[PDB]
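Trainee:
Residue numbers (mature numbering (1 follows the signal peptide of the UniProt record, and there is no 0)): 118 to 233.
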């Protein structure tokens, strides 16, 4: 097993560190597994991302389809940090009737912060 993270493995670690929806038993597990065997970075990251996406907070039952679609899109936008994401989500919960404008604001920021 590798003694140090290369650039790829380092990036896998940082994403796993920041995946918002992992429970702490899961996050610890992935981080220690990556440290124990850095070569498994791709599989561990894929596994962690699957669990993260599946554990994104459930929409309120009172939401209509437009509101639910906005909710889940915001929750999965890849180019927001979690302060940004949670900000939009809290605003949506406070007033779901603003879900359209909030989604538009979130997507714009996501696209602006996108990588190459």
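Cβ atoms here follow ideal geometry from the backbone N, Cα and C, with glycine treated the same way.
From this set, 193, 119, 123 and 219, which residue's C-alpha is nearest residue 167's C-alpha?
Mentor: When only C-alpha atoms are compared, the closest one is 193.
Trainee: Check whether the Cβ atoms of residue 216 and residue 209 lie closer than 8 Å to each other.
Mentor: Yes, these two residues count as a Cβ contact at 8 Å.
Trainee: Starting from the Cα of residue 202, find the closest Cα among 131, 178 and 189 and give me that residue.
Mentor: Taking only the C-alpha atoms, the option nearest residue 202 is 189.
Trainee: Within the stretch 173 to 218, note down every full alpha helix (DSSP H) run reaching 4 residues or more, in order along the chain.
Mentor: List check, alpha helix (DSSP H) in window: 182 to 193 and 199 to 211.
Trainee: Among the residues of its own chain, which have a CB less than 8 Å from the CB of residue 139, if the five just before and after it don't count?
Mentor: Closer than 8 Å at the Cβ level, and outside the excluded window around residue 139, lie 133, 147, 165, 168, 169 and 172.
Trainee: Whole angstroms is fine: what's the gap from residue 231's alpha carbon to residue 179's?
Mentor: Between residue 231 and residue 179, the C-alpha separation is close to 32 Å.
Trainee: Give the secondary structure of residue 136 by DSSP, where H, G and I count as helix, E and B as strand, and everything else as coil.
Mentor: DSSP places residue 136 in coil when its eight states are reduced to three.
Trainee: Is the distance from the Cβ of residue 187 to the Cβ of residue 220 below 8 Å?
Mentor: Cβ atoms of residue 187 and residue 220: closer than 8 Å.
Trainee: Tell me which residue opens and which closes the alpha helix (DSSP H) that residue 145 is part of.
Mentor: Its alpha helix (DSSP H) spans residues 141 to 153.
Trainee: Ordered along the chain, which non-local residues of its own chain (more than five positions away) have a Cβ less than 8 Å from that of residue 150?
Mentor: Hits under 8 Å: 157 and 161.
Trainee: What residue range does the alpha helix (DSSP H) around residue 159 cover?
Mentor: Taken as a continuous stretch (DSSP letters only), the alpha helix (DSSP H) holding residue 159 covers 158 to 171.
Trainee: Measure the beta-carbon distance from residue 223 to residue 191 and round it to whole angstroms, keeping in mind my assumption that it falls under 8 Å.
Mentor: With a Cβ gap of about 5 Å, residue 223 and residue 191 count as contacting.
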